[PDB]
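So the chains spell out like this:
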Amino acid sequence: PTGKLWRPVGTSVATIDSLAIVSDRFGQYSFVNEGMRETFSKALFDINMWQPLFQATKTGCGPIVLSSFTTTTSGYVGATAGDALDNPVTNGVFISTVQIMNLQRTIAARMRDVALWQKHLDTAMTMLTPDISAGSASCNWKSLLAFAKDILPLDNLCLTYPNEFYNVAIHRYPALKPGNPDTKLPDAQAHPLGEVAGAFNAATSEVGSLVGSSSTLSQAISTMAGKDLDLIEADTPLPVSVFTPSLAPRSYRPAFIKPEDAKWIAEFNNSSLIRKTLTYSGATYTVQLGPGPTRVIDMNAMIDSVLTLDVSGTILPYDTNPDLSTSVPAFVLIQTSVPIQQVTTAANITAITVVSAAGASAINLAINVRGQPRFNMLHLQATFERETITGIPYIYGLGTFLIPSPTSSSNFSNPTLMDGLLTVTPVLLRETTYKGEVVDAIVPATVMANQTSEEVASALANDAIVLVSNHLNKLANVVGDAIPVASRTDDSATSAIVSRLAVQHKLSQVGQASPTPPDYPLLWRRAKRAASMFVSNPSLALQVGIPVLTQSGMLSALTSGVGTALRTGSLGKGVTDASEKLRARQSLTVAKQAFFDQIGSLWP
Amino acid sequence: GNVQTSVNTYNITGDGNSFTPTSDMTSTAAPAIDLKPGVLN
Ligand SMILES: *C(=O)CCCCCCCCCCCCC
C-alpha cells in the first residue's frame, strides 16, 4: 500500500464512496510503506551516530527514534477512495501531516548541528588520508595524534572534544580501530557503523570497485534511454524537440566559407565593383561589394537568430587607402532584384538597410599593434527574423564597411568585415535548417555521410548537421564511457559492426567465382577501428568518404548494440584491466605507507 | 587528549588504539540518501 489512509465515513461497510481521507486535528495520516522507513531510518541513523557530540555540547535532545513520529492506525490506504479500497491495512504505521513536519524540521535542525561538527571532524580526518585501496598500512597512533595536535588550526572542534569526536569518528573510519578496554589491544576487524556499505566500496582486487563499475553503467543506461540515443540514425522525420537542442550558439568566420560548403551563405561573384549608395542618418555612404567575391550571409535559410558579427583584431588598412578610414563599419542587409550570383550592377540591388552601424568612423575603432592597425574589439549585431523577410526572394546580410566616399584607393580593397568572427545564435529552437531550407523535423539517416569534410565544420548553429552531431556526441560518450572501445577486447560495440561487415562483404561475394572466402581476423580488426574511429570523433560519421562508418547499416547497428550491451554489463565490468589497475593501487598504498612512516618518525 | 573517562566508550589517548587503514573497508557514512520525489514516494 501507499498514500494517505482512508476510513469508512459511513461506517462498517467500506465501499468505493463510503470512504474518506481520515483527516483530523493532526493533518492526514499518510502510510509509511516498508522502503520509505528505510530512508527516514537511514537519515536518523546517520544523526544518532553523532550521539557523543550532542551530549558533550549540551545541544541535541536524546537519540531520535523514528517511532516517535509515527502511529499505529488502521484502515484502507490508497491514493483515492476507489483504489484505497483494495489495501485494507491493519495497524499499519502511518505518520500524520503535522508529524511529517517534525520528522522533517528535526532531521533538518539536527542535520545542521551535525553538518557543522561533521565538517571539523573531517578537516582533521582526511587530513591524514585514512583511506588506502590495496593491502593495508598502519601509522603508530601516538605519533599520528601528537602530529594532528599540531596541524589542526586553533578553531577546529577536534581539539576541544578529542575523544568526543574520536567516538563519532570510530564509526565512520574503519581505519581508526579503538583499543579494546579489557585486553588493551586493537581488534583486527574494524566495526564502523557503515559496516556493509564500507565493505562494498573497498576497491575489490578482483574487479575495480562494485560501487564504481555499477554506476558507470546505470549512468550510461540513463543517457541511452534519455536523450534518445536509440533511434540515432532513424530514417524518418523527427521533431527537432526530439534532439533537445540547448545552449547552442556556434560562431564562424564567413567571407571564407565557400558558398557550396554551406547553403546559408551566397556570394556576389561579379566582374567589376558594385558601388551602391544609401542615406544612413542623413550622411550618404557607399556600400562597396569590392574586387573579390564578397561572401554574404544569405537571409533565407537563416532560422530567425541573433547574428552578432564581431570585428576585432582583424586588419583595418586605413593607412594605405585613406578611403577606408572615415567609413563607419556596419552590418547591412541587401535586398537584390535578380538573385545574387546573377546580380551584376548597382541597378540590380533593390535597397540596402543599415541594420546596425558602428558609431564613429574607421580611425577611432583602430588601434596600432605594430604598423598594421587592428580593430578595437566591437560587436555589430542584427536580430534577423524569419518573416521580416516574407516574400522578398533575395536578401543578404553583409557586414561591410559603408564608405563615406568611394575612391581609386579602394579599388582593390573590398571592405567586407566578414573576415571577423560572426556568432549566430538560433533564437527559436523549434525550427531547424537543412541544406538551405528551414524545417521542423530532421531525417537523421539523411544527414549521415552526406556532408563533406567542411560541409560539417561550416554547419549553421542549430541545423540538422549540428543537431545530428550533438546527438552522436552523446552516444559517443556512452560508448567511450561504459563500453571498452579502447582496448583489444573486441567489445560489444566493435562487435555489432563486425557482424554488419560480414553480412555485407558476404553477399557482395555471392554470384561470381567467390574466389575470396570472407576474412574475419581482418574484418574484426577493420570494424574495431571503425567503432573506435567513431568514439574518437563522433562527427566523421557525417562526412562522405569515411570507411565503414558511413554505410547505412552501422550506427543504426552500433547504437542498438551498445544499447543491449549496457543493459547487461553485470556489476564487475571493472574486471577489464583490473590487474594493472590493481597493481597501480598497491603502488599508491606503498607510497602512502611511506608517508605514514614519516608522520611516525618526525612527530614521535 | 586529556583524559575524559565515561562520556564516550573510548578514550582517544586510550591504551592500545591504532590508526591503520585497510584497503578492505573504505570509510563511509551515509551521503547518498535518496529523497527525490518519485523515489521517496
Ligand atoms: C587532546 O585533545 C590532544 C589532541 C589529540 C586529538 C585532537 C584531534 C586530532 C585527532 C582526531 C581524533 C578524532 C578523529 C580525527
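Residues numbered from 1 in each chain as written, not as in the entry; some residues may be left out. Chains lettered and ligands numbered in written order. Part of a larger assembly, values for the part shown. Heavy atoms only, no water. Residues with missing side-chain atoms left out of burial classes, pairs and counts.

Its PDB record attributes the structure to cryo-EM, giving the resolution as 3.3 Å.

Draft legend 1. A look at the nonpolar core. Residue and element names in this part refer to chain A. In terms of nonpolar packing, the biggest core is built from 54 residues, with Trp264, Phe268, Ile297, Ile334 and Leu402 touching the most fellow members. For this core, the secondary structure elements donating two or more residues are β10 (265–267), β13 (295–298), β14 (308–311), β15 (330–335), β16 (351–357) and β18 (395–400). By residue number, the principal contributor to this core is β15, which donates 5 residues. Counting residues in each nonpolar core, the second largest holds 48 residues, with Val240, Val466, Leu523 and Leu542 among its members. (Core = buried A, V, L, I, M, F, W, Y, C linked by side-chain atoms within 4.5 Å. Buried < 20%, exposed > 50% of the residue type's maximum accessible area, 1.4 Å probe, protein only. Helix = DSSP H or I, 4+ residues; strand = E, 2+ residues; numbered from the N terminus.)

Draft legend 2. Layout of the packing of aromatic side chains. Summed over the entire model, instances satisfying the criterion amount to 11 aromatic pairs over all chains. Taking 5.2 Å as the distance between ring centres and 75° as the angle between the ring planes, the aromatic pair formed by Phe596(A) and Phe19(B) counts as edge-to-face. Of this pair, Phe596(A) sits in helix α15 (residues 580–602) while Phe19(B) sits in strand β1 (residues 18–19), on two different chains. The residues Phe596(A) and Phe19(B) share a single accessibility class, namely buried. Following the ring pairs from residue to residue traces out a cluster consisting of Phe595(A), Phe596(A) and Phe19(B). (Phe/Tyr/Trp six-rings, centres within 6.5 Å; stacked < 30°, edge-to-face > 60°.)

Draft legend 3. Here's a closer look at the environment of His471(A). Residue and element names in this part refer to chain A. Structurally, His471 can be placed in the loop between α10 (464–470) and α11 (472–481). Placed 77 residues apart in sequence, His471 and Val548 show a C-alpha to C-alpha distance of 19 Å. In contact with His471, not counting residues within four places along its chain, are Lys227, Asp228, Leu229, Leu231, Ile232 and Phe243. (Contact = heavy atoms within 4.5 Å.)

Draft legend 4. Local environment of the interface of chain A and chain B. Each partner contributes residues to the interface: chain A has 53 residues there, and chain B has 30 residues. Of the roughly 3700 Å² buried at the junction of chain A and chain B (both faces included), carbon and sulfur atoms supply 58%. Joining chain A to chain B, the criterion identifies 15 residue pairs in polar contact. Of all the elements in the fold, those that place two or more residues in the side of chain A that touches chain B are α1 (34–48), α2 (51–56), α5 (141–151), α6 (162–169), β8 (176–177) and α7 (195–199) of chain A. The element best represented in the side of chain A that touches chain B is α1(A), accounting for 6 residues. One ladder, built from 2 bridges, connects β8(A) with β1(B); its direction is antiparallel. Bridge pairing links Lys177(A) to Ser18(B) in β1(B). (Buried area = accessible area lost by both parts, 1.4 Å probe. Polar contact = N/O pair within 3.5 Å; in protein donor to acceptor, adjacent residues only side chain to side chain. Pairing = 2+ DSSP bridges.)

Draft legend 5. Here's a closer look at empty space enclosed by the protein. Residue and element names in this part refer to chain A. In this model, the largest cavity occupies a volume close to 110 Å³. Its residues assigned to classes, the lining of the largest cavity shows 5 nonpolar, 3 polar and 6 charged. The calculated volume of the second largest cavity comes to roughly 60 Å³. In terms of lining, the second largest cavity is formed by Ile47, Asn48, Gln51, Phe54, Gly60, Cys61, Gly62, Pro63, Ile64 and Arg110. (1 Å grid on protein atoms, 1.4 Å probe; cavity = no way out; pocket = protein on both sides within 12 Å on 5 of 7 lines; lining within 4 Å. Points joined across faces, edges and corners; volume = space filled by probe spheres on them. Nonpolar A, V, L, I, M, F, W, Y, C, P; charged D, E, K, R; others polar.)

Draft legend 6. Layout of the pattern of salt bridges. All names here are of chain A. This structure, assessed with the given rule, holds 10 salt bridges over all chains. Where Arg110 meets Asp113, a salt bridge forms, and the shortest distance between an N and an O atom there is 2.5 Å. With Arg110 and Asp113 both in helix α4 (residues 97–125) and 3 residues apart, this pair spans about one turn of that helix. Grouping residues by exposure puts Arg110 and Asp113 together as buried. (Salt bridge = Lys/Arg side-chain N within 4 Å of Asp/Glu carboxyl O.)

Draft legend 7. How the structure looks around the environment of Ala14(A). Residue and element names in this part refer to chain A. Its location among the elements puts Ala14 in the loop between β1 (5–6) and β2 (23–24). Each C-alpha atom of the pair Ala14 and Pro291 lies 91 Å from the other, and the pair is 277 residues apart in sequence. In this structure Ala14 touches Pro8, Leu19, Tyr76 and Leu85, once residues within four positions along its chain are discounted.

Draft legend 8. Seen up close, the state of the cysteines. All names here are of chain A. The final tally for this structure, using the stated rule, is 0 disulfides over all chains. Here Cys139 is not disulfide-linked; the sulfur of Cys158 is the nearest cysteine sulfur, at 15 Å. Owing to a relative accessible area of 3%, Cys139 belongs among the buried residues under this scheme. (Disulfide = S-S within 2.5 Å.)

Draft legend 9. The sheet that holds β13(A), seen in detail. Residue and element names in this part refer to chain A. With antiparallel pairing, 5 strands are arranged side by side in an open sheet as β10-β13-β18-β15-β16. Each edge of the open sheet carries a strand with a single partner, namely β10 and β16. Across this sheet, the average inter-strand angle for adjacent strands is 35°, counted without regard to direction. The pairing of β10 with β13 spans 3 bridges and is classified as antiparallel. Counted as the bridge partner of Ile265 is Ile297 from β13. (Axes fitted to C-alpha atoms, helices over the stretch in contact; angles between N-to-C directions.)

Draft legend 10. Geometry of the domain arrangement of chain A. Residue and element names in this part refer to chain A. For chain A, the assigned domains read domain 1 (3–200 + 578–604), domain 2 (209–227 + 463–577) and domain 3 (237–462). Look at where the C-alpha atoms of domain 2 and domain 3 centre, and you get two points 40 Å apart. For the pair domain 2 and domain 3, the two sides together bury roughly 1600 Å², of which 72% comes from carbon and sulfur. Looking only at domain 2, the three residues that lose the most surface to domain 3 are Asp463, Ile465 and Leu467, adding up to 36% of its buried area. Counting the contacts that link domain 2 with domain 3 gives 0 salt bridges. Among the elements that take part in the side of domain 2 that touches domain 3, α10 stands out by supplying 5 residues, more than any other. Residue composition of the side of domain 2 that touches domain 3, grouped by class: 10 nonpolar, 4 polar and 2 charged. (Domains from an automatic or database assignment.)

Draft legend 11. Region of the structure containing the environment of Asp113(A). Relative accessible area serves as the criterion here: at 10%, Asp113(A) is assigned to the buried category. Considered as a pair, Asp113(A) and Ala557(A) are 444 residues apart in the sequence and their alpha carbons are 54 Å apart.

Draft legend 12. Here's a closer look at the packing of α1(A) against α4(A). Residue and element names in this part refer to chain A. Running from amino to carboxyl end, α1 crosses α4 at an angle of 30°, the nearest separation of the two axes being 10 Å. Here α1 is positioned roughly parallel relative to α4, judged by the angle of their axes. The handedness of the crossing between α1 and α4 comes out as left-handed. In this structure, α1 contributes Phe40, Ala43, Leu44, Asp46 and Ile47 to the contact, and α4 contributes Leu103, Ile107, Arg110 and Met111. (Parallel < 35°, antiparallel > 145°, perpendicular 65-115°, else oblique. Left-handed = near helix turned anticlockwise from the far one by under 90°.)

Draft legend 13. Just the packing of helix α8 (residues 210–228) of chain A against helix α14 (residues 556–566) of chain A, in detail. Residue and element names in this part refer to chain A. Viewed as axis vectors pointing N to C, α8 and α14 meet at an angle of 140°, and their least axial separation amounts to 9 Å. The angle between α8 and α14 falls in the class oblique. Our pair here, α8 against α14, has a crossing hand that is left-handed. Note on element contacts: α14 touches α8 through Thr559, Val562, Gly563 and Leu566, opposite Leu217, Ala220, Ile221 and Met224. For the contact of α8 with α14, the residue count by class is 6 nonpolar, 2 polar and no charged.

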